[PDB]
Each structure stands twice: as structure tokens, then as C-alpha cells.
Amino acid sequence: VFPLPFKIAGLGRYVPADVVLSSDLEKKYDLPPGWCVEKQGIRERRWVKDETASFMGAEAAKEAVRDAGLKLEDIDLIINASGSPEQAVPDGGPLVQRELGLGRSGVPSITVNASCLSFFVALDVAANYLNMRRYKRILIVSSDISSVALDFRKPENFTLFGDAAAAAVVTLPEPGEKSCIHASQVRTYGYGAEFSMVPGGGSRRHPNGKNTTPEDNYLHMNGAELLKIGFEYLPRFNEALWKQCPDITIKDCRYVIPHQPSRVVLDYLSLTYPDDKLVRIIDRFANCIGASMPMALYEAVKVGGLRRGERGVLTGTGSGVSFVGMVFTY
């Protein structure tokens, strides 16, 4: 089953142009100087002006398609893999297809939704399509605008969130190329759904039924209970992941590339590994939801110089609660 041929052929990013400095937010909203860096690990973030999520996704996608040495017309499947929707109907796949100028192309455009970790699950889904020879050149797009949900009365909210899009084009490797997935794993603990959720935005508490409460559209988080899920299930998760690739260990991997919605995951990793092994984007882009992991993947290659033949580990914990992990040769 594993080693699965798989090539990240191209990578792309779009971020809004204007830097919002933590220092300026602190001055504006009477927070102590240095508060965002100390408490959140965030020095800067980017917020949209008039961009739509599909716009940002399409900009990232075009970069990834160029990076792969391809034209837009060569893409044969589009997977939207964002942490939040642009609108209720259609899903983000057709919307980014349209934004790319491919609206009359017929190219199937769908959404994979694992909340947080949609990009990860989309890579997995794409790997299977590729190895089954169903499609050859798959675009995965993760674009999130969180700045819409900002609450400027709560510092733990309005200093945490940023906007970003990142994209990948994935293909089978060419003959002789080592690019592959050595291990991949997804586990879900839905008992933790209530500890990180947004109860509004669907049929359960529809804008006006009989089950609506005042706080329906904001994130309800119980950090202590989320950690307990980690305590109980993460060690067995990690054991099972690395058992898939017994000939490869963390020592053989150049970068750990985490979903990073807060500084906690980076702090944990920083106690364990040298700083140079960890790919950090939260410091400059904040919590960008579903774009976090692919932003970090973009960073690993385009700033960290990850070379073909070197190995990386994708890792993340997301709402649902789900855990993901993938060991790959780039």
C-alpha cells in the first residue's frame, strides 16, 4: 500500500498586500506592547480589502500551475479544500473554477471538507485519483478569509486570525523521480466536536428557526478539553503513523510542516526539535484556518529550500476533532 507515488509538482500563494502589524493593533485597541507576540506568537497578519475567497484561491492556483510548468487548460480536476465556505451554494470548487477562467471547461471541480484539515485530506484523495489513473493533473486550492468573523471586543479573537490562500498541483512522478507518500493517516474523535465548533451556519440553528441562541456564529472552543483528546489519542496516532514506514524515522525528515492555528503546536514541536526543522508561518500570517498547512508547505519549499529527494512530515490537529499525519519524499 505504501510507498505511494505522488509529486507536489507546483505550489502557489496569495496573501493580501497590506501588513497589519501586531504593534499597531496593540496601540489601537489598548493592549500591552508585545502582547500578540508573547501570547499568540503573531507579529503580523494580512487582511483582505475587497478580495473574495475564490479570487485569492485562483491567484494561488495560477502560481501553482505556472510552478508546475503547466497551463490552466492542462488541469483535469480541481479540489477546493478550504476551512470555510465562500457561500452556501455552490461549493467552492465551481467558484474557483469560474474565477480561473475555466467556467466553460467542463473540468470537474469539487470540495473536500475536513474543516481545518481539508488540504490534508484533499492530498490524500488526490493521491488515490492519481494512482488509479482517473486524473493526471490535480489542483488543490485552500483559501480562507477569517477577517470577516473578527470581534474587536475580544483580543484573543481579533489578534489571532489572518487571511490567506495557498494551492498545490499534484501529479504522478516522472520515471526515476523519488517523490512519494511513505505514510498517511487520518483519525477522528467526534466526541470532541463540541469543544471546537460553530453551531450556526446550517440547518441545526438556521438564521431563524426555534433553536437559535445569541452566540451561534462564533467559534466555541474548550482548549482544556481539546488537549485531553490529544493526551489520550495522540501517542497511539503517532505510533501507528510511523509503523507504516518502518524504514524511515523523524531523523530522516528535514522539515515538520504543521497546521498551526495557534502557538501551542509550534511550542510543543520547539521543545522536541531544533528550530530549523520546524516550518513557521503563524508569526507573519496568523491563524489562516484551512490555508495554514499549505501556507507552511509553500514556505518549506519556497523559503526553506526543501529539495527533491528530501523528506517532510505534514501534521495537524483540527476541529472535529481530527488528527492527520503524512510522511513524504518531496
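Start at 1 and count along the sequence shown; that's the residue number.
The stretch with the higher mean CA B factor, choosing between 185-193 and 219-227, is 219-227. Of the two stretches examined, 18-26 and 310-318, the record assigns the greater average C-alpha temperature factor to 18-26.
Per the PDB entry, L150 shows the highest C-alpha temperature factor of the residues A166, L117, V256, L150. Between the residues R104, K210, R236, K136, it is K210 that shows the highest Cα B-factor in the PDB record. Compared with the other modelled residues of the chain, the Cα B-factor recorded for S54 ranks in the lowest third.
Ranked against the other modelled residues of its chain, the C-alpha B-factor of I145 as given in the entry falls in the middle third. When all modelled residues of the chain are sorted by CA temperature factor, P294 is found within the lowest third.
Among all modelled residues in this chain, the alpha-carbon of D267 has a temperature factor (C-alpha) in the middle third. Among the modelled residues of the chain, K302 sits in the middle third by CA temperature factor in this PDB entry.
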